[PDB]
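Trainee: Dumping the structure here so I can ask a few things about it.
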Amino acid sequence: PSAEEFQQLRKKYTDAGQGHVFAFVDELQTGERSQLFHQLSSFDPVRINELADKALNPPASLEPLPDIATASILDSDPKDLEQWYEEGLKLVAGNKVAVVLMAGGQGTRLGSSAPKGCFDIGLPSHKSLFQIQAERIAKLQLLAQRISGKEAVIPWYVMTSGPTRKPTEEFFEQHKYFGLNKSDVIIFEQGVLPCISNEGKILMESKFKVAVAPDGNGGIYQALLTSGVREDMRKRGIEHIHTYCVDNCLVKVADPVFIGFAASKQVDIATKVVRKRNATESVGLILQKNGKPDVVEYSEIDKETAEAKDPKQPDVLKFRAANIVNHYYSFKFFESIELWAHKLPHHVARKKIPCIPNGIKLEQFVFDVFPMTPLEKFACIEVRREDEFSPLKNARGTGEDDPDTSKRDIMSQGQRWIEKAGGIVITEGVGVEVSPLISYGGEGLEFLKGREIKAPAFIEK
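Letter by letter, the sequence shown follows residues 27 to 84, 91 to 388, 401 to 473, 476 to 507 of the entry's author numbering.
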């Protein structure tokens, strides 16, 4: 940039009370000042102020979701579950199903230098989260082809952040997109925002670089428009979309039961939950808050509410729908994004941010559209945790939601699946890794009947 172009940008920022981002300019190399200029040119400081101000200067009625809006792998009629499976798989075979992967999180707790999806939890195959999820897509497409007699395609829209994009792109490239067509794996970005001080001033990571962060998982909706993803979906004739977070190592990607269930109810949004079994569990809950579908933090659930037993099933908690950030959307719902995306609030996330808790990241929440959605357009299905939810959150040596719990969940599932098919798993002081290319969800293991398998093992195609 010219001196005048630089001056004009400095004036814009200074007039907006953000002039301090230029404080170190004449300490900088000519390349470093150009980097700063280009980064600062990507933000409107005025909009930043408006967002910061709205966030810094902004008893509920709680009931479970309606009975007609809910189902359960555990408790629903097996006939309904089978029908939903078949109908969901028909939708897959029709090329009507897409997946949006939330892989734009920074994974601050796990503390890896690579994107979370690349992480190797210690399985015998050493496969990354990305590879396992990709292979589940590949297998499900093949299972769907048994219906159609033709290739089935589930496009995988991988939502990434500034700090995750390039290493994600390279990783997929290096692994030849895990046997999926390159045209069906679409890496895109969500928006970012500058991190801010308690007083709403832009934070500097270095003397020539603004500290930034993804705009929260709620940034997905806007990102679908800006990136051209929704348009791509339209051209493909996508009608049903599955969204989840890359950190769930057990994720049933594009789960036919989930798709079939939601499609049968003709909802705009559906959610997966696991069972809260003890009142004291600290889990966010999907429920009616003030008569609207919502996710309520466990801190907002009092002792009496948490302990309440289900009248119709007294062995079970009344409020038990533990959120696993696993959602269904209709394409029709995505068409409406322009009407309400601006209505999504930015929340203050107080964090320790190194710069030149002390700072704030402004974040939209994926579930903040839930209370905007008519009750009759919302559905929720309870699933089995041990088959469906194993988040990778913490480094080894935590004992909760870590590589070891993730590894154990996958390998115990594999052993379970084999045993149920008639396989004999023998352990000498555990579990078996079953490739998704062999089995998506426990099917297709009949060939292992009567066979002896020494755990730990790895069954691959």
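Just so you know, even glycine gets a beta-carbon here, dropped at the ideal spot from N, CA and C.
Using only alpha-carbon positions, find the residue among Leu282, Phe411, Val47, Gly488 that is nearest to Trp461.
Mentor: Ranking the options by Cα distance to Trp461, first place goes to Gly488.
Trainee: Do the CB positions of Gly403 and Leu235 come within less than 8 Å of each other?
Mentor: Yes. Within cutoff.
Trainee: Tell me whether the segment 105-118 and the segment 415-433 touch, counting them as touching only if at least three CB pairs, one residue from each stretch, are closer than 8 Å.
Mentor: Counting Cβ pairs under 8 Å, three or more are found: they touch.
Trainee: By how many angstroms is the C-alpha of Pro226 removed from the C-alpha of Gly181?
Mentor: Approximately 50 Å, taken between the alpha carbons.
Trainee: Which residues bound the beta strand (DSSP E) around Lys128?
Mentor: Neither: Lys128 is in no beta strand (DSSP E) and is coded neither H nor E.
Trainee: Using the Cβ count rule (16 or more neighbours within 10 Å means buried), how would you classify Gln55?
Mentor: It is exposed - the Cβ of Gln55 has fewer than 16 other Cβ atoms within 10 Å.
Trainee: Looking at the unbroken beta strand (DSSP E) that takes in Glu263, where does it start and where does it end?
Mentor: Note, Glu263: premise wrong, no beta strand (DSSP E); alpha helix (DSSP H) at 261-268.
Trainee: Cβ atoms of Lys364 and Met416: under 8 Å apart, would you say?
Mentor: Going by C-beta atoms, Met416 is not nearer than 8 Å to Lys364.
Trainee: Of the residues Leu121, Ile385, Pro199, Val185, which one's Cα is nearest the Cα of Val289?
Mentor: The residue with the shortest Cα to Cα distance from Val289 is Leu121.
Trainee: Leaving aside the five residues before and after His359 along the sequence, list all residues of the same chain whose C-beta is less than 6 Å from its C-beta, in chain order.
Mentor: Cβ neighbours of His359 beyond the five flanking positions: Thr275, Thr303.
Trainee: Can you give me the start and stop residues for the alpha helix (DSSP H) that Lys80 sits inside?
Mentor: Per DSSP, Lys80 belongs to the alpha helix (DSSP H) from 71-82.
Trainee: Mind pulling the beta strand (DSSP E) runs of 3 or more residues that sit fully within the segment 406-435?
Mentor: Listed in chain order, the complete beta strand (DSSP E) runs (minimum 3 residues) inside the segment 406-435 are 422-427.
Trainee: For the structure I just gave you, are there three or more beta carbon pairs, one from the segment 190-200 and one from the segment 144-158, closer than 8 Å?
Mentor: Because the criterion of three Cβ pairs below 8 Å is met, the segment 190-200 and the segment 144-158 touch.
Trainee: Consult DSSP for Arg309 and reduce its assignment to one of helix, strand or coil.
Mentor: Of the three classes helix, strand and coil, the one that applies to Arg309 here is coil, per DSSP.
Trainee: Does the segment 234-251 come within contact of the segment 96-112, defined as at least 3 CB pairs closer than 8 Å?
Mentor: Short answer: they don't touch.
Trainee: Which value, in whole angstroms, describes the spacing of the CA atoms of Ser362 and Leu133?
Mentor: Going from the Cα of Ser362 to the Cα of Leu133 covers about 16 Å.
Trainee: Rounded to whole angstroms, how far is the Cβ of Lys241 from the Cβ of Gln61, which I believe are closer than 8 Å?
Mentor: Going by Cβ atoms, the distance from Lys241 to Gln61 rounds to 7 Å, so yes, they are a contact pair.
Trainee: Can you confirm whether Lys344, when its beta carbon is compared against all beta carbons of chain D, has any partner nearer than 8 Å?
Mentor: The chain labelled as chain D is not found in the depicted structure, where only one protein chain is given.
Trainee: By the three-class DSSP mapping on this structure, what secondary structure does residue 474 have?
Mentor: What the structure lacks is residue 474: the chain is numbered 473, then 476, with the residues between left out.
Trainee: Quickly, what does DSSP pair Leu94 with across the bridge? List them, please.
Mentor: Per DSSP, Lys321.
Trainee: Exposed or buried, what is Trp372 when buried is set at 16 or more other beta-carbons lying within 10 Å of its beta-carbon?
Mentor: So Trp372 ends up on the exposed side.
Trainee: Taking the straight line between their C-alpha atoms, what separation do you get for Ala381 and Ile74?
Mentor: Their backbone Cα atoms lie some 15 Å apart in a straight line.
Trainee: For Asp326, which beta-bridge partners are listed by DSSP?
Mentor: In DSSP, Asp326 forms a bridge with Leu319.
Trainee: Within a Cβ cutoff of 6 Å, which residues of the same chain sit near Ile484, ignoring the five residues on either side of it in sequence?
Mentor: So the qualifying residues of the chain are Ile505, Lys507.
Trainee: Alpha carbon to alpha carbon, how far is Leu436 from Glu367?
Mentor: The straight-line gap from Cα to Cα measures roughly 32 Å.
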